[PDB]
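Novice: Provide a 3D model corresponding to the input given below.
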Amino acid sequence: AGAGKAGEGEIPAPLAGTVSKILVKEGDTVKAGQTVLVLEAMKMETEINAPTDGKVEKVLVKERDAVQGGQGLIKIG
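Specialist: Residues are numbered from 1 along each chain as shown. You can find the structure just below:
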């Protein structure tokens with residue numbers, strides 16, 4: 001009982017920001033630290049780095065899309 005947050009492999013967002021551009025895609029491999037997506041929180045470009053090494057199995061964020069703090073941004077495998 002309680003949905004709207006990452007934890008099951010999904011990378012939780014640090015805060016409520018707007019999706020500007022996506023770097024990683026379903027198929028590309030990412031590393032713990034490499035940028036995966038850019039978020040514009042409070043008219044400020046924020047770089048989103050992967051929490052751990054893995055691969056993008058599903059992108060839970062698209063351009064011109066608003067995300068909530070904690071909400072799963074991208075699923076890593």
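Novice: When you work out contacts or count neighbours from here on, use the C-alpha atoms and nothing else.
Specialist: Fine.
Novice: Strands of the chain, residue ranges please.
Specialist: All strands of the chain, identified by DSSP state E, fall at 10-12, 18-22, 29-30, 35-40, 45-49, 54-59, 72-76.
Novice: give me every residue that touches residue 56.
Specialist: Residue 56 makes contact with 24, 25, 26, 27, 28, 29, 30, 74, 75, 76, 77 under the criterion Cα atoms under 8 Å, 6 or more residues apart in numbering.
Novice: Let's have those residues in TSV, adding neighbour count and distance to residue 45.
Specialist: Supplementary listing: these in TSV, determined by neighbours: other Cα atoms under 10 Å; distance: Cα to Cα, whole Å:
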residue	neighbour count	distance to residue 45
24	19	17
25	16	20
26	13	23
27	10	25
28	11	23
29	15	23
30	22	20
74	25	18
75	22	22
76	22	23
77	14	26
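Novice: just the residues you listed now: which is nearest residue 38?
Specialist: Lowest distance from residue 38 to the contacts of residue 56 (Cα to Cα) belongs to residue 24, with 10.3 Å.
Novice: Convert the C-alpha atoms of stretch 25-43 to PDB, please.
Specialist: Taking only C-alpha atoms (Å, rounded to 0.1, in the frame of the first residue of the first chain), the coordinates of stretch 25-43 have been written out as PDB:
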ATOM      1  CA  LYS A  25      18.100   4.600 -23.700                       C
ATOM      2  CA  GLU A  26      16.600   1.100 -23.400                       C
ATOM      3  CA  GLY A  27      19.600  -1.000 -24.600                       C
ATOM      4  CA  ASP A  28      22.500   1.100 -23.600                       C
ATOM      5  CA  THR A  29      24.600   0.300 -20.600                       C
ATOM      6  CA  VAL A  30      25.300   2.800 -17.800                       C
ATOM      7  CA  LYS A  31      27.800   3.200 -15.000                       C
ATOM      8  CA  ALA A  32      27.400   4.300 -11.400                       C
ATOM      9  CA  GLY A  33      28.100   8.000 -11.900                       C
ATOM     10  CA  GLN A  34      27.600   8.500 -15.600                       C
ATOM     11  CA  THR A  35      24.800  10.900 -16.500                       C
ATOM     12  CA  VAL A  36      21.500   9.300 -17.500                       C
ATOM     13  CA  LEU A  37      19.200  12.200 -17.800                       C
ATOM     14  CA  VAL A  38      19.000  16.000 -17.400                       C
ATOM     15  CA  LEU A  39      16.400  17.500 -15.100                       C
ATOM     16  CA  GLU A  40      15.400  21.200 -15.000                       C
ATOM     17  CA  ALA A  41      14.500  21.800 -11.400                       C
ATOM     18  CA  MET A  42      13.600  25.400 -10.700                       C
ATOM     19  CA  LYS A  43      14.900  26.600 -14.100                       C
END
